[PDB]
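See structure below.
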Amino acid sequence: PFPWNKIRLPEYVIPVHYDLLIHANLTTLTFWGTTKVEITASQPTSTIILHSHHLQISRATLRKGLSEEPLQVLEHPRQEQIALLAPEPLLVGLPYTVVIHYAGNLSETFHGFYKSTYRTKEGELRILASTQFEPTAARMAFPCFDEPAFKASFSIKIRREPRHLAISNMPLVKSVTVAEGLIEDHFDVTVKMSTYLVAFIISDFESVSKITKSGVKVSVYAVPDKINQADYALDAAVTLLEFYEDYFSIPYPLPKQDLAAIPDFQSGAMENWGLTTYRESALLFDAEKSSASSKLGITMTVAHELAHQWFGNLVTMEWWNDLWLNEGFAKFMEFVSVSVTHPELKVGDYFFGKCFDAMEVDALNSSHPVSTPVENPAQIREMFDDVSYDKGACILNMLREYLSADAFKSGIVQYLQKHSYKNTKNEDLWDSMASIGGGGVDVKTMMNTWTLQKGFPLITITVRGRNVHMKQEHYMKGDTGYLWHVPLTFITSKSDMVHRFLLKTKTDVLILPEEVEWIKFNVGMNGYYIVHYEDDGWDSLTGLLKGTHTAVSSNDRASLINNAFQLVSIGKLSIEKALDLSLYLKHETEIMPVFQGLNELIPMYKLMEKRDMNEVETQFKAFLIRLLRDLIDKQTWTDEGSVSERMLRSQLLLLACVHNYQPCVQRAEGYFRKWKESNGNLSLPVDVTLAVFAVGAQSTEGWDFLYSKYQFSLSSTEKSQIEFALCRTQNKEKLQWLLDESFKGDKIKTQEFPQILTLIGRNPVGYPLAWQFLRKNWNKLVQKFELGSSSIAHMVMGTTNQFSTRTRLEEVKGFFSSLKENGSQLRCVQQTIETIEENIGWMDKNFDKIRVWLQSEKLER
Ligand SMILES: *[C@@H]1O[C@H](CO)[C@@H](O[C@@H]2O[C@H](CO)[C@@H](O[C@@H]3O[C@H](CO)[C@@H](O)[C@H](O)[C@@H]3O)[C@H](O)[C@H]2NC(C)=O)[C@H](O)[C@H]1NC(C)=O
Ligand SMILES: *[C@@H]1O[C@H](CO)[C@@H](O[C@@H]2O[C@H](CO)[C@@H](O[C@@H]3O[C@H](CO)[C@@H](O)[C@H](O)[C@@H]3O)[C@H](O)[C@H]2NC(C)=O)[C@H](O)[C@H]1NC(C)=O
Ligand SMILES: CC(C)C[C@H](CP(=O)(O)[C@@H](N)CCc1ccccc1)C(=O)N[C@@H](Cc1c[nH]c2ccccc12)C(N)=O
Ligand SMILES: *[C@@H]1O[C@H](CO)[C@@H](O)[C@H](O)[C@H]1NC(C)=O
Ligand SMILES: [Zn+2]
């Protein structure tokens, strides 16, 4: 009979200091550990409950202070807990020391204390051991009070062979030759931090280091053959760390900051205090082969983790229900920091795709509020979704633009200083914001309306001369009674000046000083809502876009497109009028509106490919190509221009070459011929590399040649482009081979499996293979990627969310229901089901309409 029955830990036993000794054996893939945890008790008890998972406990003692007493061990695998029973009840106010000896073996997965391998340039395979403890994986490496609220200090000691190199959260204090033939590294003691931030790495990495203007030792570790790609990472890391220190007015508390490129990683990165971990693709930059997209991604990722150093590490959420207080703030500090440190990137151009893609799912009935209760690890992993990142950052952007940027900065500085080295709830942020908003600004109620209910509002705007009527309702892809405090912003045809109005009720009205030709709400996509215009409003905006699209901003044009199509999804606008608005892209030239038009148009022919709709689908693809043909023709085949122009060129050339624009196809075939005859030695323009590989991979010869180069390539961008090209094939046998080998993890590492599966589910001849593979290997995939993880969500959605028929809907429902306790309760499952339902509705309503509209559009030249 186990003396505990709740998933949460007892509140009356608090740890204060962990002392960890880990001996990891790379040859036998084992490790023995000793954990000494100093605790205090507030209620007299003889039972100590803590976390432990897949760890063999062999010995347990309890020291008082002199006196040491044995503890009896009880195990609960369902709750991932152990209970330690003490002969004499603990005395309140006294410090005790629990000492546990345990053993286990490096996880073969992507979490806990797991193994990674890398290939040398001589073909040899080398092994290292890394950590990934967020959210509840520290218990797989050391028994502890594995919750973010039980903060404590950590004194770490790691045992290794001499041939190895050990790094952790703190600097290395000393090395002692314990026993014979293996060294023991004693690291400095950490600060008050949560348990999920513990990390340690045993490898043979090389490193590059640099000093900040504040004296912190910033270093970047990687495998020996890839250390020469860490320069941009290190430089941007120093710049962003100095920026964050200066901005928050709070120095970095640790002596050193490390950025390690792990060969086997699940997430993009991890914010381990003093030892951030990354994907090699997400940290390393090769000037010869990496793309401008890759450079921007590295910059944004480094900014994200260095922001986590404050939002998450210094001030941590108390429970995983408010994980957005970490993740949304970090995703927003990405923008706030990079837009200052690397202004040549101009991240304000590409930020709001996050808000749009987040609305795509938050408009669903299965969506959840930004802050929602969770208990078990599957739910906690599910919390790392588009809401907590994208929607959190978008509502934070809206709040910072409603308040002054100066007021937002003062609020966040007060927040971090008041709650440093502690935990916060959702309400502490609103308290810190209301301590600054004193012009009649109740931040609390507004942000409660934005964080405590799901979805986002639709604002309908009616104009009767000089009167502007505004009505808010809950946008829901088919009546609840939700209400927001929407800080509306708008401009008129008579003024580029931004006028504001705070809509706190269902309907309201303001008075213009003069009649206007058009009015545009949600200026610059700084608000997390969508806008509909009554009467001839959409016609007026269509005329504006087709006449002088430069009358409004790039973000405004993108928001117009996205809002038009999302309103088609609920009937406030016809699909025909939406496409009439889309026709303006024939003269569009900016990256954000073009990319938004593509992101809103591609899913339609993606839905059509899954059905018998060849004529209408071909008409649609031809129309899409003819829409951008002028811009595609004007695009050059070089690496010229800014980062924005380079990414635009790459995507345009890839799109044209995929949809069979014969000039693009001919030139890409020529480049691929010259390259293949050069044996990969010819340097191709990184921007056109995607299109060249995608064209060359259509034939079996070029496909096999590309794969032959894949094994030995060392550029992560080159690897990703090769993956995309190989997934673009029509050979079912090769698709099956890619799937199986990326699953096995030998020829293609498993970290790339979810993206490869998603691309193959996009493939018009591969989607049954992807769906069937996910179904038939669900068990091992779940064991590898954890339940409810963003990887599982990505796989499920990439394999199913393009289905459009009731037969497919029943397939999905039946399979995920028969899964029972192994994934039937997945929020991603519910979201895919609702997405398929909305796809069915949208297809039954708009497909034949689109066919008629395409015939009408061909009858236009
Ligand atoms: C992980 O486990 C492996 C295997 O149990 C350990 O390898 C063994 O390590 C010991 C001590 O280093 C070796 O003994 C010594 O080998 C050297 C080799 O020149 C010899 O000169 C010494 O007199 C002594 O025999 C042992 O040979 C070696 N076994 C083999 C064949 O690899 C490894 O050390 C463990 N790593 C740690 C520190 O956890
Ligand atoms: C990873 O480490 C664990 C230990 O933490 C290894 O567990 C060991 O597994 C073997 C094989 O199952 C166990 O032997 C078994 O004994 C049970 C009855 O006690 C018997 O029913 C089984 O048929 C088998 O003979 C062994 O007991 C267990 N560890 C301990 C200390 O009991 C595990 O094998 C390691 N990883 C892998 C992949 O093996
Ligand atoms: C690029 C940048 C924003 C870094 C960031 C890493 P972190 O700093 O948000 C880390 N703390 C995630 C921790 C984690 C790991 C595994 C399961 C759940 C939670 C990221 O990759 N975001 C992606 C991908 C992602 C987040 N959680 C994941 C969990 C599994 C797989 C992928 C992900 C996103 N926008 O979600
Ligand atoms: C949304 O989904 C839930 C199931 O969790 C269902 O009970 C509810 O009825 C759905 N929406 C509506 C229209 O009520
Ligand atoms: Zn994060």
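Each chain in the structure tokens gets a letter, A, B, ..., in the order shown, and its residues are numbered from 1; ligands are numbered from 1 in order too.
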Taking only C-alpha atoms and all ligand atoms into account, which residues have an atom no farther than 8 Å from ligand 1? I'd like them as a PyMOL selection string. chain A and resi 23-28+31+159-162+180-183
Could you please take those selected residues and save N, CA, C and O atoms as a CSV table (one decimal), in the first residue's frame?
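What ended up in result36.csv:
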chain,number,residue,atom,x,y,z
A,23,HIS,N,28.2,8.8,-12.6
A,23,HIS,CA,29.2,8.1,-13.4
A,23,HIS,C,28.6,7.5,-14.5
A,23,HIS,O,27.9,6.4,-14.4
A,24,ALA,N,28.8,8.1,-15.7
A,24,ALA,CA,28.2,7.6,-17.0
A,24,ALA,C,29.3,6.7,-17.7
A,24,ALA,O,30.4,7.1,-17.8
A,25,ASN,N,28.8,5.5,-18.1
A,25,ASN,CA,29.8,4.6,-18.9
A,25,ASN,C,29.3,4.5,-20.3
A,25,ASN,O,28.2,4.0,-20.6
A,26,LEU,N,30.0,5.2,-21.2
A,26,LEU,CA,29.7,5.2,-22.6
A,26,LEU,C,29.9,3.8,-23.3
A,26,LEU,O,29.2,3.5,-24.3
A,27,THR,N,30.9,3.1,-22.9
A,27,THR,CA,31.2,1.8,-23.5
A,27,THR,C,30.0,0.8,-23.2
A,27,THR,O,29.5,0.1,-24.1
A,28,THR,N,29.6,0.7,-21.9
A,28,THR,CA,28.5,-0.2,-21.5
A,28,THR,C,27.2,0.5,-21.6
A,28,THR,O,26.2,-0.2,-21.3
A,31,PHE,N,25.0,3.9,-16.2
A,31,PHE,CA,25.5,4.9,-15.3
A,31,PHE,C,25.0,4.6,-13.9
A,31,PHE,O,23.9,4.2,-13.7
A,159,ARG,N,31.8,11.7,-13.4
A,159,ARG,CA,33.0,10.9,-13.6
A,159,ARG,C,33.1,10.5,-15.0
A,159,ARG,O,32.1,10.1,-15.7
A,160,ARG,N,34.3,10.5,-15.5
A,160,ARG,CA,34.5,10.2,-17.0
A,160,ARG,C,35.9,9.6,-17.2
A,160,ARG,O,36.8,9.6,-16.3
A,161,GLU,N,36.1,9.1,-18.4
A,161,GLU,CA,37.5,8.7,-18.8
A,161,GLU,C,38.3,9.9,-19.0
A,161,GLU,O,37.7,11.0,-19.3
A,162,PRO,N,39.6,9.8,-19.0
A,162,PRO,CA,40.4,11.0,-19.4
A,162,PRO,C,40.2,11.4,-20.8
A,162,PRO,O,40.2,12.7,-21.0
A,180,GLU,N,41.1,4.6,-10.1
A,180,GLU,CA,42.2,4.5,-11.1
A,180,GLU,C,41.7,4.6,-12.5
A,180,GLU,O,40.7,3.9,-12.9
A,181,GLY,N,42.2,5.5,-13.3
A,181,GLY,CA,42.0,5.5,-14.7
A,181,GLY,C,40.8,6.4,-15.2
A,181,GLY,O,40.5,6.5,-16.4
A,182,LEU,N,40.0,6.9,-14.2
A,182,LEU,CA,38.9,7.8,-14.5
A,182,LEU,C,38.9,9.0,-13.6
A,182,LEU,O,39.2,8.9,-12.4
A,183,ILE,N,38.7,10.2,-14.2
A,183,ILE,CA,38.8,11.5,-13.5
A,183,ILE,C,37.4,11.9,-13.1
A,183,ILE,O,36.4,11.5,-13.7
Residues of chain A that approach ligand 3 to 7 Å or less, counting only C-alpha atoms and all ligand atoms: could you list each one with the shortest pair of atoms and its distance in Å to one decimal, rows by chain and increasing residue number, as JSON lines?
{"residue": "A:134", "atom": "CA", "partner": "ligand 3", "partner_atom_place_in_ligand_line": "13 (C)", "distance": 5.2}
{"residue": "A:135", "atom": "CA", "partner": "ligand 3", "partner_atom_place_in_ligand_line": "19 (C)", "distance": 6.0}
{"residue": "A:266", "atom": "CA", "partner": "ligand 3", "partner_atom_place_in_ligand_line": "31 (C)", "distance": 5.3}
{"residue": "A:267", "atom": "CA", "partner": "ligand 3", "partner_atom_place_in_ligand_line": "32 (C)", "distance": 4.1}
{"residue": "A:268", "atom": "CA", "partner": "ligand 3", "partner_atom_place_in_ligand_line": "21 (O)", "distance": 3.1}
{"residue": "A:269", "atom": "CA", "partner": "ligand 3", "partner_atom_place_in_ligand_line": "6 (C)", "distance": 4.1}
{"residue": "A:270", "atom": "CA", "partner": "ligand 3", "partner_atom_place_in_ligand_line": "10 (C)", "distance": 4.4}
{"residue": "A:271", "atom": "CA", "partner": "ligand 3", "partner_atom_place_in_ligand_line": "8 (O)", "distance": 5.4}
{"residue": "A:300", "atom": "CA", "partner": "ligand 3", "partner_atom_place_in_ligand_line": "1 (C)", "distance": 7.0}
{"residue": "A:301", "atom": "CA", "partner": "ligand 3", "partner_atom_place_in_ligand_line": "1 (C)", "distance": 4.5}
{"residue": "A:304", "atom": "CA", "partner": "ligand 3", "partner_atom_place_in_ligand_line": "2 (C)", "distance": 5.8}
{"residue": "A:305", "atom": "CA", "partner": "ligand 3", "partner_atom_place_in_ligand_line": "8 (O)", "distance": 5.8}
{"residue": "A:308", "atom": "CA", "partner": "ligand 3", "partner_atom_place_in_ligand_line": "8 (O)", "distance": 6.9}
{"residue": "A:327", "atom": "CA", "partner": "ligand 3", "partner_atom_place_in_ligand_line": "9 (O)", "distance": 6.0}
{"residue": "A:331", "atom": "CA", "partner": "ligand 3", "partner_atom_place_in_ligand_line": "3 (C)", "distance": 6.2}
{"residue": "A:381", "atom": "CA", "partner": "ligand 3", "partner_atom_place_in_ligand_line": "18 (C)", "distance": 4.6}
{"residue": "A:384", "atom": "CA", "partner": "ligand 3", "partner_atom_place_in_ligand_line": "27 (N)", "distance": 5.2}
{"residue": "A:385", "atom": "CA", "partner": "ligand 3", "partner_atom_place_in_ligand_line": "36 (O)", "distance": 5.8}
{"residue": "A:386", "atom": "CA", "partner": "ligand 3", "partner_atom_place_in_ligand_line": "36 (O)", "distance": 6.4}
{"residue": "A:389", "atom": "CA", "partner": "ligand 3", "partner_atom_place_in_ligand_line": "35 (N)", "distance": 6.2}
{"residue": "A:789", "atom": "CA", "partner": "ligand 3", "partner_atom_place_in_ligand_line": "30 (C)", "distance": 5.3}
{"residue": "A:790", "atom": "CA", "partner": "ligand 3", "partner_atom_place_in_ligand_line": "30 (C)", "distance": 4.3}
{"residue": "A:791", "atom": "CA", "partner": "ligand 3", "partner_atom_place_in_ligand_line": "31 (C)", "distance": 4.8}
Using N, CA and C atoms, can you export the residues from the last selection as an mmCIF file, in the first residue's frame?
data_model
loop_
_atom_site.group_PDB
_atom_site.id
_atom_site.type_symbol
_atom_site.label_atom_id
_atom_site.label_comp_id
_atom_site.auth_asym_id
_atom_site.auth_seq_id
_atom_site.Cartn_x
_atom_site.Cartn_y
_atom_site.Cartn_z
ATOM 1 N N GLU A 134 13.617 19.074 -19.466
ATOM 2 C CA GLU A 134 12.291 19.671 -19.591
ATOM 3 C C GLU A 134 11.362 18.704 -20.314
ATOM 4 N N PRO A 135 10.150 18.459 -19.794
ATOM 5 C CA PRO A 135 9.711 19.064 -18.536
ATOM 6 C C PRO A 135 9.891 18.180 -17.299
ATOM 7 N N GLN A 266 15.805 16.620 -30.024
ATOM 8 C CA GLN A 266 14.386 16.639 -30.360
ATOM 9 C C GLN A 266 13.871 18.057 -30.568
ATOM 10 N N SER A 267 14.063 18.915 -29.571
ATOM 11 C CA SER A 267 13.615 20.293 -29.654
ATOM 12 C C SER A 267 14.504 21.073 -30.619
ATOM 13 N N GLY A 268 14.158 22.341 -30.832
ATOM 14 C CA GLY A 268 15.094 23.243 -31.478
ATOM 15 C C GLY A 268 16.289 23.553 -30.595
ATOM 16 N N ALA A 269 16.043 23.790 -29.309
ATOM 17 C CA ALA A 269 17.095 24.129 -28.360
ATOM 18 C C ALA A 269 16.566 23.894 -26.950
ATOM 19 N N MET A 270 17.392 24.225 -25.958
ATOM 20 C CA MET A 270 17.008 24.105 -24.559
ATOM 21 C C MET A 270 17.757 25.158 -23.754
ATOM 22 N N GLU A 271 17.097 25.681 -22.719
ATOM 23 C CA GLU A 271 17.575 26.855 -21.998
ATOM 24 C C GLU A 271 18.291 26.507 -20.696
ATOM 25 N N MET A 300 17.436 33.917 -34.339
ATOM 26 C CA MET A 300 16.222 33.913 -33.529
ATOM 27 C C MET A 300 16.295 32.870 -32.420
ATOM 28 N N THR A 301 16.911 31.715 -32.689
ATOM 29 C CA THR A 301 17.004 30.666 -31.677
ATOM 30 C C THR A 301 17.938 31.071 -30.542
ATOM 31 N N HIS A 304 16.166 33.489 -28.475
ATOM 32 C CA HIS A 304 15.155 32.826 -27.659
ATOM 33 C C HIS A 304 15.762 32.230 -26.396
ATOM 34 N N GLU A 305 16.871 31.503 -26.538
ATOM 35 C CA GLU A 305 17.450 30.846 -25.367
ATOM 36 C C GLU A 305 18.053 31.860 -24.398
ATOM 37 N N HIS A 308 15.293 33.169 -22.497
ATOM 38 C CA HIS A 308 14.908 32.194 -21.483
ATOM 39 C C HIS A 308 15.799 32.289 -20.253
ATOM 40 N N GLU A 327 7.438 30.628 -22.326
ATOM 41 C CA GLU A 327 7.648 30.411 -23.755
ATOM 42 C C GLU A 327 7.184 31.589 -24.606
ATOM 43 N N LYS A 331 9.628 33.831 -26.936
ATOM 44 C CA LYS A 331 9.362 33.991 -28.364
ATOM 45 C C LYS A 331 9.183 35.456 -28.741
ATOM 46 N N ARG A 381 3.679 18.023 -21.719
ATOM 47 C CA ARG A 381 4.322 18.090 -23.028
ATOM 48 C C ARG A 381 3.403 18.731 -24.060
ATOM 49 N N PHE A 384 3.402 22.624 -24.781
ATOM 50 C CA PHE A 384 4.363 23.286 -25.669
ATOM 51 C C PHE A 384 3.812 23.329 -27.097
ATOM 52 N N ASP A 385 2.735 24.086 -27.274
ATOM 53 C CA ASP A 385 2.071 24.146 -28.570
ATOM 54 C C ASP A 385 2.083 25.573 -29.120
ATOM 55 N N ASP A 386 1.416 25.743 -30.266
ATOM 56 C CA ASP A 386 1.370 27.042 -30.930
ATOM 57 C C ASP A 386 0.752 28.122 -30.053
ATOM 58 N N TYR A 389 3.458 29.551 -27.409
ATOM 59 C CA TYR A 389 4.532 30.295 -28.085
ATOM 60 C C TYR A 389 3.943 31.455 -28.882
ATOM 61 N N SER A 789 4.005 14.920 -27.222
ATOM 62 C CA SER A 789 5.079 15.814 -27.624
ATOM 63 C C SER A 789 4.743 16.524 -28.931
ATOM 64 N N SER A 790 5.405 17.662 -29.135
ATOM 65 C CA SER A 790 5.221 18.395 -30.378
ATOM 66 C C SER A 790 5.655 17.568 -31.579
ATOM 67 N N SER A 791 6.575 16.618 -31.389
ATOM 68 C CA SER A 791 6.951 15.723 -32.481
ATOM 69 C C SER A 791 5.781 14.833 -32.892
#
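Interatomic distance, atom CA of residue A:631 to atom CA of residue A:649: 9.2 Å.
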Please write out the residues within 8 Å of ligand 2 as a PyMOL selection string, counting only C-alpha atoms and all ligand atoms. chain A and resi 30+54-56+103-105
Could you write out that same residue set with C-alpha atoms as a PDB file, in the first residue's frame?
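Saved result, result.pdb, follows:
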ATOM      1  CA  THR A  30      25.231   2.507 -18.200  1.00  0.00           C
ATOM      2  CA  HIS A  54      13.336   3.951 -14.768  1.00  0.00           C
ATOM      3  CA  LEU A  55      15.990   4.072 -12.023  1.00  0.00           C
ATOM      4  CA  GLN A  56      17.114   1.055  -9.983  1.00  0.00           C
ATOM      5  CA  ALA A 103      21.718   2.841 -11.355  1.00  0.00           C
ATOM      6  CA  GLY A 104      20.340   2.941 -14.881  1.00  0.00           C
ATOM      7  CA  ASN A 105      21.280   3.174 -18.573  1.00  0.00           C
TER       8      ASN A 105
END
Extract, using only C-alpha atoms, all DNA, RNA and protein residues at most 9 Å from residue A:39, discarding same-chain residues fewer than 3 positions from it, and format them as a list in words.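 The filter keeps residues 13, 14, 15, 16, 17, 94, 95, 96, 97 and 98 of chain A.
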Any chance you can output those residues with N, CA, C and O atoms as a PDB file, in the first residue's frame?
ATOM      1  N   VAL A  13       7.459  18.861   2.318  1.00  0.00           N
ATOM      2  CA  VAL A  13       8.863  18.459   2.274  1.00  0.00           C
ATOM      3  C   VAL A  13       9.530  19.240   1.150  1.00  0.00           C
ATOM      4  O   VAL A  13       9.266  18.985  -0.032  1.00  0.00           O
ATOM      5  N   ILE A  14      10.394  20.178   1.507  1.00  0.00           N
ATOM      6  CA  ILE A  14      10.993  21.118   0.560  1.00  0.00           C
ATOM      7  C   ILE A  14      12.484  20.822   0.466  1.00  0.00           C
ATOM      8  O   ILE A  14      13.161  20.780   1.500  1.00  0.00           O
ATOM      9  N   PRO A  15      13.030  20.616  -0.729  1.00  0.00           N
ATOM     10  CA  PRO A  15      14.483  20.497  -0.868  1.00  0.00           C
ATOM     11  C   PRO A  15      15.148  21.867  -0.881  1.00  0.00           C
ATOM     12  O   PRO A  15      14.535  22.882  -1.217  1.00  0.00           O
ATOM     13  N   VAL A  16      16.428  21.881  -0.506  1.00  0.00           N
ATOM     14  CA  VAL A  16      17.186  23.128  -0.481  1.00  0.00           C
ATOM     15  C   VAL A  16      18.484  23.003  -1.272  1.00  0.00           C
ATOM     16  O   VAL A  16      18.976  23.994  -1.824  1.00  0.00           O
ATOM     17  N   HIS A  17      19.047  21.797  -1.348  1.00  0.00           N
ATOM     18  CA  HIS A  17      20.334  21.622  -2.019  1.00  0.00           C
ATOM     19  C   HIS A  17      20.497  20.175  -2.453  1.00  0.00           C
ATOM     20  O   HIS A  17      20.467  19.270  -1.615  1.00  0.00           O
ATOM     21  N   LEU A  94      13.917  21.139  11.247  1.00  0.00           N
ATOM     22  CA  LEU A  94      15.256  20.566  11.246  1.00  0.00           C
ATOM     23  C   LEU A  94      15.682  20.198   9.831  1.00  0.00           C
ATOM     24  O   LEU A  94      14.856  19.746   9.031  1.00  0.00           O
ATOM     25  N   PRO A  95      16.957  20.385   9.496  1.00  0.00           N
ATOM     26  CA  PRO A  95      17.448  19.936   8.187  1.00  0.00           C
ATOM     27  C   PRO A  95      17.871  18.476   8.207  1.00  0.00           C
ATOM     28  O   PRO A  95      18.606  18.042   9.099  1.00  0.00           O
ATOM     29  N   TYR A  96      17.412  17.708   7.223  1.00  0.00           N
ATOM     30  CA  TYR A  96      17.779  16.309   7.068  1.00  0.00           C
ATOM     31  C   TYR A  96      18.408  16.114   5.698  1.00  0.00           C
ATOM     32  O   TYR A  96      18.271  16.955   4.809  1.00  0.00           O
ATOM     33  N   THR A  97      19.126  15.003   5.536  1.00  0.00           N
ATOM     34  CA  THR A  97      19.827  14.710   4.289  1.00  0.00           C
ATOM     35  C   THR A  97      19.455  13.306   3.831  1.00  0.00           C
ATOM     36  O   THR A  97      19.818  12.321   4.480  1.00  0.00           O
ATOM     37  N   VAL A  98      18.731  13.215   2.721  1.00  0.00           N
ATOM     38  CA  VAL A  98      18.386  11.933   2.122  1.00  0.00           C
ATOM     39  C   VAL A  98      19.463  11.569   1.110  1.00  0.00           C
ATOM     40  O   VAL A  98      19.782  12.366   0.220  1.00  0.00           O
TER      41      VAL A  98
END
Output the neighbourhood of ligand 4 as a CSV table (one decimal) with N, CA, C and O atoms, in the first residue's frame, that is, all protein and nucleic acid residues with some atom at most 8 Å from the ligand, counting only C-alpha atoms and all ligand atoms.
chain,number,residue,atom,x,y,z
A,365,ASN,N,-12.6,24.7,-32.0
A,365,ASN,CA,-13.4,24.4,-30.8
A,365,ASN,C,-12.5,23.6,-29.7
A,365,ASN,O,-12.8,23.7,-28.5
A,366,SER,N,-11.6,22.8,-30.2
A,366,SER,CA,-10.7,22.1,-29.3
A,366,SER,C,-9.6,22.9,-28.8
A,366,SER,O,-8.8,22.4,-28.0
A,478,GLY,N,-17.2,26.7,-37.5
A,478,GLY,CA,-18.4,25.9,-37.2
A,478,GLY,C,-18.2,24.4,-37.3
A,478,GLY,O,-18.1,23.7,-36.2
A,479,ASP,N,-21.2,31.6,-30.8
A,479,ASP,CA,-22.4,30.9,-30.1
A,479,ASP,C,-22.0,30.4,-28.7
A,479,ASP,O,-22.7,29.5,-28.2
Members of stretch 471-574 of chain A assigned strand (DSSP E) by DSSP, as number ranges by chain: A: 471-475, 486-492, 495-503, 507-511, 519-521, 530-533
DSSP alpha helix (DSSP H) selection over stretch 729-797 of chain A, as number ranges by chain: A: 732-744, 753-762, 767-776, 778-785, 790-797
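Restricting the calculation to only C-alpha atoms and all ligand atoms, the smallest distance between ligand 5 and any of A:272, A:417, A:372, A:337 is found for A:272.
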With a distance cut-off of 7 Å and only C-alpha atoms, select the neighbouring residues of residue A:529, excluding the residue or stretch itself and same-chain residues fewer than 6 positions from it, and output the selection as JSON, numbers by chain. {"A": [456, 457, 458]}
Residue selection dump (N, CA, C and O atoms) as an mmCIF file, in the first residue's frame:
data_model
loop_
_atom_site.group_PDB
_atom_site.id
_atom_site.type_symbol
_atom_site.label_atom_id
_atom_site.label_comp_id
_atom_site.auth_asym_id
_atom_site.auth_seq_id
_atom_site.Cartn_x
_atom_site.Cartn_y
_atom_site.Cartn_z
ATOM 1 N N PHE A 456 -10.185 33.767 -30.328
ATOM 2 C CA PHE A 456 -9.866 35.166 -30.576
ATOM 3 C C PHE A 456 -11.070 35.811 -31.245
ATOM 4 O O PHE A 456 -11.905 35.111 -31.829
ATOM 5 N N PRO A 457 -11.187 37.138 -31.187
ATOM 6 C CA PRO A 457 -12.389 37.797 -31.705
ATOM 7 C C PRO A 457 -12.349 38.214 -33.169
ATOM 8 O O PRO A 457 -11.310 38.557 -33.746
ATOM 9 N N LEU A 458 -13.541 38.165 -33.760
ATOM 10 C CA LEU A 458 -13.854 38.803 -35.029
ATOM 11 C C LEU A 458 -14.530 40.143 -34.759
ATOM 12 O O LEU A 458 -15.504 40.212 -33.996
#
Can you list, as a list in words, every protein, DNA or RNA residue that comes within 12 Å of residue A:251 when you count only C-alpha atoms, leaving out same-chain residues fewer than 2 positions away?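 Contacts, in chain order: residues 212, 213, 214, 215, 216, 241, 242, 243, 244, 245, 246, 247, 248, 249, 253, 254, 255, 309, 310, 314, 413, 416, 417 and 420 of chain A.
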Selected residue of minimal separation from residue A:618 among A:191, A:525, A:854, A:739, counting only C-alpha atoms: A:854
Contacts of residue A:691 at 10 Å (only C-alpha atoms; same-chain gap of 2+ positions) as a list in words: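 Everything that qualifies: residues 650, 651, 652, 653, 654, 655, 656, 657, 658, 664, 665, 667, 668, 669, 671, 672, 686, 687, 688, 689, 693, 694, 695, 696, 697, 721, 724 and 725 of chain A.
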From the set A:843, A:502, A:497, A:303, which residue has the shortest atom-to-atom contact distance to ligand 5, counting only C-alpha atoms and all ligand atoms?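 Between A:843, A:502, A:497, A:303, the residue approaching ligand 5 most closely is A:303.
Taking atom CA of residue A:434 as the reference point, atom CA of residue A:306 is found at 26.4 Å.
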Point out the residue among A:846, A:574, A:5, A:799 with the least atom-to-atom distance to residue A:604, counting only C-alpha atoms.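 Looking only at the distances to residue A:604, the closest residue turns out to be A:846.
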Could you check how far atom CA of residue A:393 sits from atom CA of residue A:556, in Å to one decimal? 18.8 Å
